[PDB]
>>> print(open('data_30.txt').read())   # compact mmCIF, C-alpha atoms
# COMPACT_ATOMS: atom_id res chain seq x y z
CA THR P 3 74.42 167.18 -16.01
CA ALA P 4 72.66 166.37 -12.71
CA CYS P 5 75.97 166.34 -10.81
CA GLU P 6 77.37 169.46 -12.46
CA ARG P 7 74.20 171.44 -11.69
CA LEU P 8 74.19 170.03 -8.17
CA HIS P 9 77.71 171.34 -7.62
CA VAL P 10 76.67 174.75 -9.05
CA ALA P 11 73.72 174.92 -6.66
CA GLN P 12 75.87 173.99 -3.64
CA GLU P 13 78.70 176.31 -4.68
CA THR P 14 76.30 179.24 -5.18
CA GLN P 15 74.97 178.74 -1.61
CA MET P 16 78.30 178.38 0.20
CA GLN P 17 79.66 181.38 -1.72
CA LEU P 18 76.71 183.73 -1.21
CA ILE P 19 76.57 182.93 2.52
CA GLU P 20 80.16 184.17 2.81
CA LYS P 21 79.25 187.39 0.94
CA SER P 22 76.44 188.77 3.20
CA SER P 23 74.92 190.86 0.41
CA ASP P 24 72.65 193.90 0.63
CA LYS P 25 71.24 193.26 -2.86
CA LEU P 26 67.88 191.43 -2.95
CA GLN P 27 68.94 189.99 -6.32
CA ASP P 28 71.52 187.89 -4.46
CA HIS P 29 69.03 186.50 -1.95
CA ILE P 30 66.69 185.45 -4.76
CA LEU P 31 69.73 183.69 -6.27
CA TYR P 32 70.50 181.98 -2.95
CA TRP P 33 67.02 180.43 -2.67
CA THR P 34 66.94 179.55 -6.36
CA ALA P 35 70.12 177.55 -5.66
CA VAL P 36 68.59 175.84 -2.59
CA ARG P 37 65.48 175.07 -4.66
CA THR P 38 67.62 173.55 -7.43
CA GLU P 39 69.78 171.48 -5.07
CA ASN P 40 66.84 170.00 -3.23
CA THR P 41 64.76 169.33 -6.31
CA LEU P 42 67.60 167.49 -8.01
CA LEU P 43 68.27 165.49 -4.83
CA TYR P 44 64.51 164.77 -4.61
CA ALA P 45 64.46 163.52 -8.20
CA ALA P 46 67.50 161.38 -7.44
CA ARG P 47 65.78 159.67 -4.49
CA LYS P 48 62.73 158.94 -6.63
CA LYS P 49 65.02 156.96 -8.96
CA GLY P 50 66.39 155.07 -5.99
CA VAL P 51 69.68 156.99 -5.92
CA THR P 52 70.98 156.73 -2.35
CA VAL P 53 74.47 158.11 -3.04
CA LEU P 54 75.35 160.75 -5.63
CA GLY P 55 79.04 161.59 -6.14
CA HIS P 56 80.09 159.97 -2.89
CA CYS P 57 77.47 161.81 -0.88
CA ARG P 58 74.47 160.15 0.72
CA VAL P 59 71.28 161.73 -0.62
CA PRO P 60 68.84 162.88 2.11
CA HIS P 61 65.49 161.13 2.32
CA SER P 62 62.98 162.39 -0.26
CA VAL P 63 60.69 163.81 2.42
CA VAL P 64 63.56 166.04 3.60
CA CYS P 65 64.47 167.12 0.04
CA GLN P 66 60.82 167.84 -0.72
CA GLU P 67 60.23 170.08 2.31
CA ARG P 68 63.39 172.10 1.74
CA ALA P 69 62.40 172.46 -1.91
CA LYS P 70 58.90 173.67 -0.89
CA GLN P 71 60.50 176.07 1.62
CA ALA P 72 62.92 177.40 -0.99
CA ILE P 73 60.11 177.72 -3.54
CA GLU P 74 58.10 180.00 -1.26
CA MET P 75 61.15 182.09 -0.35
CA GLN P 76 62.19 182.51 -3.98
CA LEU P 77 58.89 183.59 -5.49
CA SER P 78 58.05 185.77 -2.46
CA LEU P 79 61.33 187.65 -2.89
CA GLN P 80 60.92 187.86 -6.66
CA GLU P 81 57.59 189.53 -6.00
CA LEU P 82 59.31 191.80 -3.48
CA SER P 83 62.04 193.00 -5.88
CA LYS P 84 59.30 194.36 -8.16
CA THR P 85 58.04 196.76 -5.46
CA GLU P 86 59.45 199.98 -3.92
CA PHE P 87 60.96 197.97 -1.02
CA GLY P 88 63.11 195.96 -3.46
CA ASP P 89 65.59 198.87 -3.50
CA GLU P 90 66.27 198.78 0.26
CA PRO P 91 69.22 196.95 1.85
CA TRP P 92 68.27 193.29 2.45
CA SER P 93 70.45 190.83 4.40
CA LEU P 94 70.66 187.01 4.54
CA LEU P 95 69.08 187.18 7.98
CA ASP P 96 66.19 189.44 6.89
CA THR P 97 65.90 186.83 4.12
CA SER P 98 66.03 183.74 6.36
CA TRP P 99 63.36 181.08 6.60
CA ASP P 100 63.44 181.50 10.38
CA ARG P 101 62.82 185.24 10.05
CA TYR P 102 60.01 184.72 7.54
CA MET P 103 58.38 182.08 9.77
CA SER P 104 58.81 183.73 13.18
CA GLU P 105 56.07 186.05 14.51
CA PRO P 106 53.96 186.89 12.60
CA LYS P 107 54.31 183.86 10.27
CA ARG P 108 54.95 184.19 6.55
CA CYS P 109 56.11 187.79 6.22
CA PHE P 110 59.40 189.61 5.91
CA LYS P 111 60.63 191.93 8.63
CA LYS P 112 63.64 194.03 9.55
CA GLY P 113 64.60 196.50 12.29
CA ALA P 114 64.67 194.37 15.43
CA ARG P 115 64.56 195.10 19.16
CA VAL P 116 63.87 193.17 22.35
CA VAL P 117 60.93 193.58 24.71
CA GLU P 118 60.99 192.31 28.27
CA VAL P 119 57.87 190.89 29.89
CA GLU P 120 58.09 190.34 33.61
CA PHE P 121 55.47 188.17 35.32
CA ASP P 122 54.05 188.35 38.85
CA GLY P 123 56.72 190.87 39.88
CA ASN P 124 59.30 188.08 39.80
CA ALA P 125 62.49 189.24 38.09
CA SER P 126 63.19 185.49 37.71
CA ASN P 127 60.13 185.07 35.47
CA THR P 128 61.17 187.31 32.60
CA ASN P 129 60.59 186.59 28.94
CA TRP P 130 62.17 188.25 25.93
CA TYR P 131 60.21 188.86 22.74
CA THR P 132 61.42 190.30 19.47
CA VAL P 133 59.46 193.17 17.98
CA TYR P 134 60.32 194.06 14.41
CA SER P 135 59.51 197.67 13.59
CA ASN P 136 58.95 197.01 9.86
CA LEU P 137 56.88 194.18 8.35
CA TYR P 138 56.47 193.36 4.66
CA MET P 139 53.23 191.53 3.91
CA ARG P 140 51.72 189.72 0.97
CA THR P 141 48.10 190.84 0.70
CA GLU P 142 45.48 190.65 -2.07
CA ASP P 143 46.61 194.16 -3.12
CA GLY P 144 50.17 192.75 -3.31
CA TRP P 145 53.07 193.53 -0.97
CA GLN P 146 53.03 196.64 1.25
CA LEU P 147 54.63 198.08 4.42
CA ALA P 148 53.32 197.61 7.96
CA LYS P 149 54.68 199.01 11.21
CA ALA P 150 54.80 196.91 14.36
CA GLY P 151 55.43 197.70 18.01
CA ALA P 152 54.39 196.88 21.56
CA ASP P 153 52.00 197.98 24.28
CA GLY P 154 50.44 196.71 27.52
CA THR P 155 48.05 194.44 25.61
CA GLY P 156 50.49 192.74 23.22
CA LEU P 157 52.64 192.91 20.09
CA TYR P 158 50.76 194.49 17.23
CA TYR P 159 51.12 195.98 13.77
CA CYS P 160 49.60 198.93 11.92
CA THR P 161 48.63 198.92 8.28
CA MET P 162 46.55 201.66 6.70
CA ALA P 163 43.70 199.28 5.82
CA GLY P 164 42.07 200.05 9.19
CA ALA P 165 42.56 202.65 11.93
CA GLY P 166 43.70 200.12 14.52
CA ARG P 167 46.44 197.87 15.85
CA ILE P 168 46.35 194.26 14.71
CA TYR P 169 47.74 192.15 17.57
CA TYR P 170 49.35 188.84 16.70
CA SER P 171 50.58 188.04 20.22
CA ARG P 172 48.85 188.93 23.49
CA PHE P 173 50.75 189.34 26.75
CA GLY P 174 47.68 188.48 28.84
CA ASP P 175 47.68 185.11 27.10
CA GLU P 176 51.43 184.77 27.68
CA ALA P 177 50.72 185.65 31.33
CA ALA P 178 48.24 182.79 31.34
CA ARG P 179 50.97 180.48 29.95
CA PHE P 180 53.85 181.53 32.16
CA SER P 181 52.58 183.46 35.18
CA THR P 182 50.88 182.53 38.45
CA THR P 183 48.99 185.82 39.05
CA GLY P 184 47.92 187.00 35.61
CA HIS P 185 50.01 190.07 36.47
CA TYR P 186 52.70 191.19 34.05
CA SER P 187 54.54 194.36 33.08
CA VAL P 188 56.10 195.23 29.72
CA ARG P 189 59.42 197.04 29.37
CA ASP P 190 59.98 198.43 25.91
CA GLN P 191 63.00 200.71 26.36
CA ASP P 192 62.10 203.80 28.35
CA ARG P 193 58.49 202.62 28.67
CA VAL P 194 56.92 200.18 31.09
CA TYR P 195 53.37 199.01 30.54
CA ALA P 196 51.46 196.83 33.00
CA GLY P 197 48.52 194.47 32.46
CA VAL P 198 46.30 191.74 33.93
CA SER P 199 44.79 188.87 31.87
>>> encode(input="data_30.txt", output="structure tokens")
Amino acid sequence: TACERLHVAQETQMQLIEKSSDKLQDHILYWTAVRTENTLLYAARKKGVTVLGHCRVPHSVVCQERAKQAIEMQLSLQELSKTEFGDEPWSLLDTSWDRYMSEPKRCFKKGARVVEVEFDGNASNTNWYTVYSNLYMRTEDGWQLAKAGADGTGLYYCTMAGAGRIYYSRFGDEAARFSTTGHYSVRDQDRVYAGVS
């Protein structure tokens, strides 16, 4: 049974990845499959199984972490499907671990654009940051929408829990990291901001 189920997990993944679904149901299924695969492989290592089928089994610490990662993704998305946002189009990329974990950590986000920070006046010292216009956050009152954006101070987001912008990344601090003057300017699209840490 362990092998059969393992194949089902792996087959579900490879197949879904080729689909590129809009349905959130499918992305829950994807992570369920990853969770299954890695848990089974974890259990196999803890019995001293080094090869299953004719496939080396990854070290338990690798299986465990991927299982943990898939667990969080799965339940998070299962919680999401139960809200108003669960009806929207959701992609594999919107549903990626890398998306979830990028800035700000541990929330879902879609609607991307790039922001260009230039330091010191040097065109050569230009960084690109990704703002996501929509953020989907787990809070004590459950999941709810937040809207992010950029300004001369940093990248921020706006929830209706407080009349204010909550910055998660500050350009002045980036200017400290990467610049030699403190001076930076911030191109959005048709907007340039300028600041000094």
>>> closest_residue(input="data_30.txt", among="P:190, P:153, P:175, P:143", to="residue 85 of chain P", atoms="all atoms listed in the file")
P:143
>>> residues_around(input="data_30.txt", residues="segment 3-7 of chain P", least_positions_apart="3", cutoff="9 Å", atoms="all atoms listed in the file", output="JSON, numbers by chain")
{"P": [10, 11, 12, 38, 39, 42, 46, 54, 55]}
>>> atom_distance(input="data_30.txt", atom1="atom CA of residue 122 of chain P", atom2="atom CA of residue 151 of chain P")
22.9 Å
>>> closest_residue(input="data_30.txt", among="P:186, P:102, P:159, P:138", to="residue 125 of chain P", atoms="all atoms listed in the file")
P:186
>>> closest_residue(input="data_30.txt", among="P:16, P:147, P:79, P:8", to="residue 112 of chain P", atoms="only C-alpha atoms")
P:147
>>> closest_residue(input="data_30.txt", among="P:165, P:152, P:119, P:82", to="residue 185 of chain P", atoms="all atoms listed in the file")
P:119
>>> residues_near_point(input="data_30.txt", point="(66.0, 162.3, 4.1)", cutoff="12 Å", atoms="all atoms listed in the file", output="PyMOL selection string")
chain P and resi 40+43-44+46-48+51-53+58-68
>>> write_last_selection(input="data_30.txt", atoms="C-alpha atoms", output="short mmCIF file (atom, residue, chain, number, x, y, z; two decimals), in the frame of the given file")
data_model
loop_
_atom_site.label_atom_id
_atom_site.label_comp_id
_atom_site.auth_asym_id
_atom_site.auth_seq_id
_atom_site.Cartn_x
_atom_site.Cartn_y
_atom_site.Cartn_z
CA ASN P 40 66.84 170.00 -3.23
CA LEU P 43 68.27 165.49 -4.83
CA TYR P 44 64.51 164.77 -4.61
CA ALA P 46 67.50 161.38 -7.44
CA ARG P 47 65.78 159.67 -4.49
CA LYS P 48 62.73 158.94 -6.63
CA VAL P 51 69.68 156.99 -5.92
CA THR P 52 70.98 156.73 -2.35
CA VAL P 53 74.47 158.11 -3.04
CA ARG P 58 74.47 160.15 0.72
CA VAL P 59 71.28 161.73 -0.62
CA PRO P 60 68.84 162.88 2.11
CA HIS P 61 65.49 161.13 2.32
CA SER P 62 62.98 162.39 -0.26
CA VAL P 63 60.69 163.81 2.42
CA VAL P 64 63.56 166.04 3.60
CA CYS P 65 64.47 167.12 0.04
CA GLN P 66 60.82 167.84 -0.72
CA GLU P 67 60.23 170.08 2.31
CA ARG P 68 63.39 172.10 1.74
#
>>> decode(input="data_30.txt", residues="segment 33-86 of chain P", atoms="C-alpha atoms", output="PDB file, in the first residue's frame")
ATOM      1  CA  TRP P  33      -0.239  20.165  -1.298  1.00  0.00           C
ATOM      2  CA  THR P  34      -2.180  17.241   0.151  1.00  0.00           C
ATOM      3  CA  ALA P  35      -0.246  15.085  -2.336  1.00  0.00           C
ATOM      4  CA  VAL P  36       3.116  16.660  -1.382  1.00  0.00           C
ATOM      5  CA  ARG P  37       2.218  16.145   2.291  1.00  0.00           C
ATOM      6  CA  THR P  38       1.388  12.485   1.649  1.00  0.00           C
ATOM      7  CA  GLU P  39       4.517  11.791  -0.408  1.00  0.00           C
ATOM      8  CA  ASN P  40       6.860  13.308   2.131  1.00  0.00           C
ATOM      9  CA  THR P  41       5.196  11.768   5.152  1.00  0.00           C
ATOM     10  CA  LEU P  42       5.339   8.294   3.642  1.00  0.00           C
ATOM     11  CA  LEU P  43       8.984   8.822   2.668  1.00  0.00           C
ATOM     12  CA  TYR P  44       9.650  10.110   6.220  1.00  0.00           C
ATOM     13  CA  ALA P  45       8.048   7.012   7.727  1.00  0.00           C
ATOM     14  CA  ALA P  46      10.118   4.862   5.375  1.00  0.00           C
ATOM     15  CA  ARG P  47      13.401   6.440   6.546  1.00  0.00           C
ATOM     16  CA  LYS P  48      12.428   5.882  10.178  1.00  0.00           C
ATOM     17  CA  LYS P  49      12.232   2.155   9.398  1.00  0.00           C
ATOM     18  CA  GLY P  50      15.661   2.305   7.816  1.00  0.00           C
ATOM     19  CA  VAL P  51      14.335   2.163   4.249  1.00  0.00           C
ATOM     20  CA  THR P  52      17.006   3.774   2.065  1.00  0.00           C
ATOM     21  CA  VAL P  53      15.539   2.705  -1.299  1.00  0.00           C
ATOM     22  CA  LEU P  54      11.849   2.303  -2.092  1.00  0.00           C
ATOM     23  CA  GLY P  55      10.896   0.938  -5.525  1.00  0.00           C
ATOM     24  CA  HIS P  56      14.329   1.585  -6.983  1.00  0.00           C
ATOM     25  CA  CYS P  57      14.392   5.164  -5.767  1.00  0.00           C
ATOM     26  CA  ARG P  58      16.699   6.436  -3.050  1.00  0.00           C
ATOM     27  CA  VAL P  59      14.623   7.910  -0.224  1.00  0.00           C
ATOM     28  CA  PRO P  60      15.694  11.453   0.808  1.00  0.00           C
ATOM     29  CA  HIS P  61      17.088  11.914   4.303  1.00  0.00           C
ATOM     30  CA  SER P  62      14.384  12.095   6.984  1.00  0.00           C
ATOM     31  CA  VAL P  63      15.220  15.705   7.822  1.00  0.00           C
ATOM     32  CA  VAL P  64      14.448  16.656   4.202  1.00  0.00           C
ATOM     33  CA  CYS P  65      11.195  14.634   4.138  1.00  0.00           C
ATOM     34  CA  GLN P  66      10.140  16.146   7.462  1.00  0.00           C
ATOM     35  CA  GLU P  67      10.640  19.777   6.409  1.00  0.00           C
ATOM     36  CA  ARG P  68       8.808  19.331   3.120  1.00  0.00           C
ATOM     37  CA  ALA P  69       6.004  17.607   5.019  1.00  0.00           C
ATOM     38  CA  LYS P  70       5.831  20.517   7.514  1.00  0.00           C
ATOM     39  CA  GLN P  71       5.863  22.987   4.593  1.00  0.00           C
ATOM     40  CA  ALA P  72       3.096  21.093   2.794  1.00  0.00           C
ATOM     41  CA  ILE P  73       1.086  20.832   6.026  1.00  0.00           C
ATOM     42  CA  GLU P  74       1.030  24.602   6.472  1.00  0.00           C
ATOM     43  CA  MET P  75       0.176  25.212   2.814  1.00  0.00           C
ATOM     44  CA  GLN P  76      -2.649  22.672   2.853  1.00  0.00           C
ATOM     45  CA  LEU P  77      -4.490  23.770   5.982  1.00  0.00           C
ATOM     46  CA  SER P  78      -3.948  27.467   5.168  1.00  0.00           C
ATOM     47  CA  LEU P  79      -5.592  26.979   1.772  1.00  0.00           C
ATOM     48  CA  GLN P  80      -8.364  24.829   3.228  1.00  0.00           C
ATOM     49  CA  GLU P  81      -9.117  27.729   5.539  1.00  0.00           C
ATOM     50  CA  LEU P  82      -8.989  30.068   2.548  1.00  0.00           C
ATOM     51  CA  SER P  83     -11.510  28.094   0.448  1.00  0.00           C
ATOM     52  CA  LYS P  84     -14.082  28.633   3.213  1.00  0.00           C
ATOM     53  CA  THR P  85     -13.929  32.443   2.825  1.00  0.00           C
ATOM     54  CA  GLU P  86     -15.160  34.869   0.123  1.00  0.00           C
TER      55      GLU P  86
END
